[PDB]
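Source file target35.txt; content: compact mmCIF, C-alpha atoms.
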# COMPACT_ATOMS: atom_id res chain seq x y z
CA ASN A 1 5.08 19.05 17.91
CA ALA A 2 7.52 16.12 18.04
CA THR A 3 5.81 12.80 18.75
CA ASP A 4 6.46 11.45 22.25
CA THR A 5 7.30 7.81 21.74
CA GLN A 6 7.50 4.89 24.10
CA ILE A 7 8.92 1.55 23.04
CA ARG A 8 9.02 -1.79 24.82
CA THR A 9 8.82 -5.56 24.43
CA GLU A 10 6.57 -7.74 26.50
CA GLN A 11 6.70 -11.38 25.41
CA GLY A 12 8.41 -10.92 22.02
CA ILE A 13 5.59 -8.49 21.24
CA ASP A 14 6.98 -5.02 20.61
CA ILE A 15 4.66 -2.22 21.72
CA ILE A 16 5.31 1.19 20.18
CA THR A 17 3.06 3.84 21.70
CA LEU A 18 2.60 7.21 20.01
CA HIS A 19 1.43 10.55 21.47
CA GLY A 20 0.81 13.60 19.31
CA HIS A 21 0.20 14.37 15.67
CA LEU A 22 1.99 12.74 12.76
CA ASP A 23 2.82 16.13 11.28
CA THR A 24 5.09 16.50 8.27
CA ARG A 25 7.74 18.07 10.49
CA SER A 26 7.31 15.48 13.24
CA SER A 27 7.00 12.40 11.00
CA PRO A 28 10.75 11.81 10.42
CA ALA A 29 11.76 11.34 14.08
CA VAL A 30 9.03 8.70 14.55
CA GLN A 31 10.01 6.86 11.39
CA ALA A 32 13.65 6.91 12.46
CA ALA A 33 12.64 5.32 15.76
CA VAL A 34 10.06 2.76 14.64
CA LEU A 35 11.59 1.08 11.64
CA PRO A 36 14.68 -0.12 13.51
CA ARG A 37 12.37 -1.63 16.11
CA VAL A 38 10.77 -4.18 13.76
CA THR A 39 11.75 -7.84 14.41
CA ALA A 40 11.97 -10.62 11.79
CA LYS A 41 9.03 -12.98 12.17
CA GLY A 42 8.20 -10.23 14.61
CA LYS A 43 4.99 -9.31 16.40
CA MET A 44 4.37 -5.60 16.85
CA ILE A 45 1.57 -3.47 18.31
CA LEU A 46 1.42 0.18 17.34
CA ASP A 47 -0.81 1.96 19.83
CA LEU A 48 -2.38 5.01 18.17
CA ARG A 49 -4.89 5.76 20.91
CA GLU A 50 -3.28 9.15 21.55
CA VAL A 51 -2.38 10.10 18.00
CA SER A 52 -4.75 12.87 16.96
CA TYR A 53 -3.98 13.28 13.26
CA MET A 54 -1.91 12.10 10.30
CA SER A 55 -1.17 14.14 7.20
CA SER A 56 0.07 12.52 3.98
CA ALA A 57 3.54 12.29 5.58
CA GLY A 58 2.35 10.50 8.72
CA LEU A 59 0.42 8.00 6.62
CA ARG A 60 3.58 7.45 4.62
CA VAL A 61 5.21 6.39 7.91
CA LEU A 62 2.63 3.68 8.48
CA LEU A 63 2.86 2.40 4.92
CA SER A 64 6.61 2.49 5.35
CA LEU A 65 6.16 0.56 8.59
CA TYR A 66 3.81 -1.87 6.85
CA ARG A 67 6.10 -2.59 3.89
CA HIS A 68 9.04 -3.65 6.01
CA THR A 69 6.95 -5.67 8.46
CA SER A 70 5.40 -7.25 5.37
CA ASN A 71 8.87 -8.08 4.07
CA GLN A 72 10.21 -9.05 7.52
CA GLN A 73 7.56 -11.80 7.72
CA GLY A 74 6.19 -10.01 10.77
CA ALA A 75 2.80 -9.30 12.27
CA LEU A 76 1.56 -5.82 13.19
CA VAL A 77 -1.59 -4.65 14.91
CA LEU A 78 -2.85 -1.08 15.03
CA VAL A 79 -4.52 -0.22 18.35
CA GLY A 80 -7.01 2.63 18.63
CA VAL A 81 -7.02 4.23 15.18
CA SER A 82 -9.23 7.35 15.43
CA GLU A 83 -12.48 7.25 13.51
CA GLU A 84 -11.31 10.20 11.43
CA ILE A 85 -8.01 8.45 10.65
CA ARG A 86 -9.57 5.14 9.57
CA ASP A 87 -12.04 7.02 7.34
CA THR A 88 -9.10 8.77 5.69
CA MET A 89 -7.19 5.51 5.23
CA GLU A 90 -10.33 3.80 3.84
CA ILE A 91 -10.62 6.31 0.98
CA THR A 92 -7.07 5.84 -0.23
CA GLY A 93 -7.27 2.06 0.10
CA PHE A 94 -4.44 1.86 2.61
CA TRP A 95 -6.71 0.71 5.38
CA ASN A 96 -6.94 -2.77 3.86
CA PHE A 97 -3.31 -3.62 4.49
CA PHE A 98 -3.75 -3.44 8.18
CA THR A 99 -5.12 -5.43 11.12
CA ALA A 100 -6.75 -3.21 13.76
CA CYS A 101 -8.78 -3.21 16.97
CA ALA A 102 -9.80 -0.77 19.66
CA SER A 103 -8.05 -2.34 22.69
CA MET A 104 -4.57 -3.47 23.82
CA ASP A 105 -6.42 -6.46 25.20
CA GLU A 106 -7.85 -7.70 21.93
CA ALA A 107 -4.54 -6.84 20.25
CA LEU A 108 -2.58 -9.35 22.34
CA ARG A 109 -5.01 -12.18 21.62
CA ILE A 110 -4.41 -11.65 17.95
CA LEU A 111 -0.66 -12.21 18.37
CA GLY A 112 -0.69 -14.94 21.03
CA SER A 113 -0.86 -14.39 24.80
CA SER B 1 -16.04 8.55 -22.80
CA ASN B 2 -15.75 7.77 -19.08
CA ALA B 3 -15.52 4.08 -19.91
CA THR B 4 -11.91 2.81 -19.95
CA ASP B 5 -10.72 0.72 -22.90
CA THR B 6 -9.09 -2.34 -21.39
CA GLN B 7 -7.42 -5.05 -23.42
CA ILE B 8 -6.20 -8.26 -21.87
CA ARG B 9 -4.01 -10.98 -23.37
CA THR B 10 -1.26 -13.46 -22.56
CA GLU B 11 2.07 -13.48 -24.40
CA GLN B 12 4.26 -16.48 -23.61
CA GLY B 13 3.39 -16.82 -19.94
CA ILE B 14 2.79 -13.15 -19.25
CA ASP B 15 -0.57 -11.53 -18.69
CA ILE B 16 -0.54 -8.14 -20.34
CA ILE B 17 -3.27 -5.60 -19.64
CA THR B 18 -3.65 -2.35 -21.57
CA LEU B 19 -5.74 0.61 -20.43
CA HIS B 20 -7.07 3.67 -22.31
CA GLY B 21 -8.66 6.48 -20.38
CA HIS B 22 -8.62 7.79 -16.86
CA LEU B 23 -9.54 5.90 -13.73
CA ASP B 24 -12.03 7.82 -11.60
CA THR B 25 -15.11 6.99 -9.52
CA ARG B 26 -17.19 6.08 -12.57
CA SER B 27 -14.47 4.24 -14.51
CA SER B 28 -12.64 2.32 -11.73
CA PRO B 29 -14.95 -0.57 -10.73
CA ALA B 30 -14.98 -1.90 -14.27
CA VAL B 31 -11.21 -1.87 -14.44
CA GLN B 32 -10.77 -3.58 -11.12
CA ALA B 33 -13.44 -6.21 -11.78
CA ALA B 34 -12.01 -6.90 -15.24
CA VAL B 35 -8.29 -6.79 -14.44
CA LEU B 36 -8.24 -8.25 -10.94
CA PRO B 37 -9.48 -11.77 -11.83
CA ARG B 38 -6.86 -12.40 -14.52
CA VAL B 39 -4.30 -12.34 -11.69
CA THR B 40 -3.35 -16.03 -11.81
CA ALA B 41 -1.28 -18.05 -9.32
CA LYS B 42 2.47 -17.48 -9.15
CA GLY B 43 2.00 -15.35 -12.27
CA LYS B 44 3.55 -12.60 -14.37
CA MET B 45 1.63 -9.42 -15.19
CA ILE B 46 2.49 -6.24 -17.08
CA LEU B 47 -0.03 -3.48 -16.60
CA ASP B 48 0.41 -1.04 -19.45
CA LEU B 49 -0.64 2.45 -18.43
CA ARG B 50 0.90 4.46 -21.25
CA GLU B 51 -2.53 5.74 -22.33
CA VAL B 52 -4.01 6.58 -18.94
CA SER B 53 -4.09 10.36 -18.46
CA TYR B 54 -4.98 10.30 -14.74
CA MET B 55 -6.56 8.39 -11.84
CA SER B 56 -8.56 9.75 -8.87
CA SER B 57 -8.36 8.41 -5.34
CA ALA B 58 -10.72 5.62 -6.37
CA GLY B 59 -8.52 4.73 -9.32
CA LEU B 60 -5.17 4.50 -7.60
CA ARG B 61 -7.11 2.40 -5.09
CA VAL B 62 -7.54 0.03 -8.05
CA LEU B 63 -3.77 -0.19 -8.48
CA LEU B 64 -3.78 -0.84 -4.76
CA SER B 65 -6.07 -3.88 -4.67
CA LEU B 66 -4.23 -5.28 -7.65
CA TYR B 67 -1.03 -5.00 -5.62
CA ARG B 68 -2.50 -6.47 -2.45
CA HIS B 69 -4.12 -9.26 -4.42
CA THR B 70 -1.13 -9.86 -6.69
CA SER B 71 0.44 -10.68 -3.32
CA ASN B 72 -2.23 -13.17 -2.27
CA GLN B 73 -1.30 -15.12 -5.39
CA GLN B 74 2.42 -14.50 -4.86
CA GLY B 75 3.11 -13.26 -8.36
CA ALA B 76 4.94 -10.55 -10.25
CA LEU B 77 3.90 -7.18 -11.70
CA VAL B 78 5.59 -4.36 -13.64
CA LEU B 79 3.84 -1.03 -14.29
CA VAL B 80 4.64 0.34 -17.73
CA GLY B 81 4.33 3.92 -18.89
CA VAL B 82 3.16 5.67 -15.74
CA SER B 83 3.28 9.47 -16.33
CA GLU B 84 5.34 11.78 -14.11
CA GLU B 85 2.16 13.50 -13.00
CA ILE B 86 0.62 10.21 -11.85
CA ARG B 87 4.03 9.18 -10.46
CA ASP B 88 4.27 12.26 -8.25
CA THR B 89 0.81 11.50 -6.87
CA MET B 90 1.94 8.03 -5.76
CA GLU B 91 5.09 9.53 -4.19
CA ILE B 92 3.10 12.01 -2.08
CA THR B 93 1.87 8.95 -0.27
CA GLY B 94 4.68 6.40 -0.69
CA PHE B 95 2.31 4.01 -2.44
CA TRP B 96 4.65 4.34 -5.39
CA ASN B 97 7.15 2.37 -3.35
CA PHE B 98 4.98 -0.72 -3.56
CA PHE B 99 5.52 -1.07 -7.28
CA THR B 100 8.10 -1.97 -9.93
CA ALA B 101 7.96 0.19 -13.07
CA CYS B 102 9.61 1.02 -16.39
CA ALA B 103 8.93 2.99 -19.55
CA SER B 104 9.32 0.25 -22.17
CA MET B 105 7.44 -3.02 -22.75
CA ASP B 106 10.79 -4.67 -23.44
CA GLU B 107 12.10 -3.78 -20.01
CA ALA B 108 8.99 -5.25 -18.41
CA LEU B 109 9.28 -8.45 -20.42
CA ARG B 110 12.93 -8.37 -19.38
CA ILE B 111 12.18 -7.67 -15.74
CA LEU B 112 9.84 -10.61 -16.24
CA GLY B 113 12.47 -12.30 -18.37
CA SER B 114 11.05 -12.57 -21.89
CA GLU B 115 11.83 -12.01 -25.56
Using the file provided, produce a representation of the structure as C-alpha cells.
Amino acid sequence: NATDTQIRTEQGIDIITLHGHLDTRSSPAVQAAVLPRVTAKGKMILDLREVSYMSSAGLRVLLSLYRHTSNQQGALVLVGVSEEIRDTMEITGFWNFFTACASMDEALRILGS
Amino acid sequence: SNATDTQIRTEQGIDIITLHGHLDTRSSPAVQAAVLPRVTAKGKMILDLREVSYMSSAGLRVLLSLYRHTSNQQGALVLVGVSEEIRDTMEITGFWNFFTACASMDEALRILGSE
C-alpha cells in the first residue's frame, strides 16, 4: 500500500519518483516526504510513470505540492501522468495548474539541461 | 431558471460580483465568460456567493479559472458567503485552500481595506 519513494537531485533539479497508488491511507507518508523536498526558486520533476491511481486524497497531495511550489517561486514538471489520471484532473480543472510531459528527457529540457 | 443572475459593479476600487443560482454544466460558461474578463490588473475583487445554492464539477472549475487567472493579473480576491455544504466540497479536494473567504461584505472590504 505505502508508496515507495525515491528522491534525488541531479543539477539542482530534484527528481521525486513515485511507485504505487496514492491511496487515502498511503497519501500522508508521501506528502510528508515531498513537501520538505521543495527548493526556493527550485526546479522539481515528479515522475508519476509508476503511479497507478489517485483518489481525492492523492490529488490533494499534488495540489498541496503545487501550492507551495507556486509560492516558493519554483518550477515543477509532472512526468508520465496516466491517461486515466489526466482525464480525472481535467474534469476538476486541476490539470491546468500543471506542466506535464511523457518523458524524463523532455522534462529536463523544460527546466534547463 | 438554470440561468444565473450575475451583477457586476465597482465600489471605490473594488470589483464586486454577485451571483444568484447554482453553477452547473448549463449555467457555468456564462458565469465564467462574464466574470472572468472583469478581472483587471493588480486588482481587488469580491465574489459574493451568498445566493448560490450549489455548484457542480463544472462550476467549481469556474472558481478555479478565476483563481488561476486572478493570479495572471496578480490581484486580490475574497469569497463571500460560501455555504458549509459548498465549503466541504472544496475541502474534499483541498481546492478550498486556494481561496480567502469570509461571511460578511464588510470583512471582505476590510480584507481588501475599504469603508
Inset, instruction - Give me, as a ChimeraX atom specification, the contact residues of chain B against chain A at a cut-off of 8 Å, counting only C-alpha atoms. - result: /B:57-58,60-61,64-65,68,92-95,98
Inset, instruction - Skip region 13-29 of chain B itself and residues of its chain fewer than 3 positions away, then list as a VMD selection string all residues within 9 Å of it, counting all atoms listed in the file. - result: chain B and resid 1 to 10 32 to 35 38 to 40 43 to 62 109 112 114
Legend entry - Atom pair CA of residue 35 (chain A) / CA of residue 16 (chain A): separation (Å):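 Computing it gives 10.6 Å between the two atoms.
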Legend entry - CA of residue 42 (chain A) to CA of residue 70 (chain B), straight-line distance in Å: 23.3 Å
Inset, instruction - Can you pull out every residue within 9 Å of residue 69 (chain A), counting all atoms listed in the file, but drop anything in the same chain fewer than 6 positions away, and send it as a VMD selection string? - result: chain A and resid 35 38 to 44 75 to 76
Legend entry - Best match for closeness to residue 102 (chain A) among A:45, A:54, A:85, A:79, counting all atoms listed in the file: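 Checking each candidate against residue 102 (chain A), we get A:79 as the closest.
For the residues B:79, B:41, B:36, B:111, ranking by smallest atom-to-atom distance to residue 66 (chain B) using all atoms listed in the file places B:36 first.
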Legend entry - 9 Å contact set for residue 78 (chain A), all atoms listed in the file, chain neighbours under 6 positions out, as a list in words: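 Close residues of residue 78 (chain A): residues 44, 45, 46, 47, 48, 98, 99, 100, 101, 102 and 107 of chain A.
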Inset, instruction - Using CA of residue 113 (chain B) and CA of residue 69 (chain B) as the two end points, give the distance in Å to one decimal. - result: 21.9 Å
Inset, instruction - Rank A:52, A:3, A:70, A:11 by their smallest atom-to-atom distance to residue 31 (chain A), using all atoms listed in the file, and report the top residue only. - result: A:3
Inset, instruction - Determine the nearest neighbour of residue 110 (chain A) from the options A:34, A:80, A:21, A:13, counting all atoms listed in the file. - result: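 Nearest to residue 110 (chain A): A:13.
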Return as JSON the box centre and box size in Å, one decimal, for an axis-aligned box around all listed atoms of region 28-41 of chain B padded by 6 Å per side.
{"center_x": -8.1, "center_y": -7.9, "center_z": -12.3, "size_x": 25.7, "size_y": 32.4, "size_z": 17.9}
